[PDB]
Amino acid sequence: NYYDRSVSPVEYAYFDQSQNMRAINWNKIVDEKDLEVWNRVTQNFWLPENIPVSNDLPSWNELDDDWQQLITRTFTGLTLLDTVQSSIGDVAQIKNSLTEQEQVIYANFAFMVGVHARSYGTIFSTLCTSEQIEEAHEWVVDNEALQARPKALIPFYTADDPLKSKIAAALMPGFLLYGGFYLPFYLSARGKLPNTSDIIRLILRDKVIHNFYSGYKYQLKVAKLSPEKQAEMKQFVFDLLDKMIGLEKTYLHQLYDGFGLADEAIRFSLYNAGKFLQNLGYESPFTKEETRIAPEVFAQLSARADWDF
């Protein structure tokens, strides 16, 4: 077999120059799950410049300067997290791939998280003044509680442990942004910024698959390690999740200070922390009280919550 006596170019480039390189094979696929994911993310391609945000002006203009500034800051916070995952996180996954197709899928993830970041710019272009936009960038730079979150994950992307890099890569789309995503869903339950909410539902339709895929690939690799080193990786996951829940709770308490959302937003955050754990193959230890949010807000996320005959 050509495959078993050759390496992928990225394997050749970073890990093993001793063998010759093989072209990607899309006709003989090691894992069919890669084709499912590839087909879905590529057919789900979208641009925010194709959603009309200008219909949010009537509801946006009725919000006082307090709420407008909160939306601009929150979204500018999410833009930073997407910028991290697009420029660092997702491209770092490529070289640590189990399969050839996984390399290409993480190139798609990087690009699409880049489109997520860009989508906030198009919202701002239509809704926000130059001043509101520039104030949010200053606030994001000078907010240590905000900065601490990305600062905790980035070292795992640049270090030489691929499984900790993978867990970080799964933690971003799986948990870190939901505290912020609470806000647009909160407003769209009250009939405010409904078009903006459509961009968020498109972002999350991408995020859900990013989280699933990174968690699925994490599980394939840990299964090959001994029971002792498997328990050690589980320890690191919960230790990291504990630290990131701590940093997120701090951040959200400051972000939502005066608006009285923090509690609900943190519960939404932990609902998704539970989902992050399930996507890595661990049970959710979170109670119904810790993870409950108002139905009207949850309905904005999902309203649902060959044949012979």
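The first residue of the shown sequence is 1; numbering continues from there.
- Annotation for 189 to 197 versus 116 to 124: the higher mean temperature factor (C-alpha) is found in 189 to 197.
- The mean C-alpha temperature factor is higher for 225 to 233 when 70 to 78 and 225 to 233 are set side by side.
- Each of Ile245, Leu277, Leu35, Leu63 has a CA temperature factor in the record; the biggest one is found at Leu63.
- In the deposited entry, the Cα temperature factor of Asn27 sits in the middle third of values across the chain's modelled residues.
- Sort the modelled residues of the chain by CA B factor and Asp160 lands in the highest third.
- When all modelled residues of the chain are sorted by CA temperature factor, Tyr251 is found within the middle third.
- Among all modelled residues in this chain, the alpha-carbon of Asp239 has a temperature factor (C-alpha) in the middle third.
- Split the chain's modelled residues into thirds by C-alpha temperature factor. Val53 is in the highest one.
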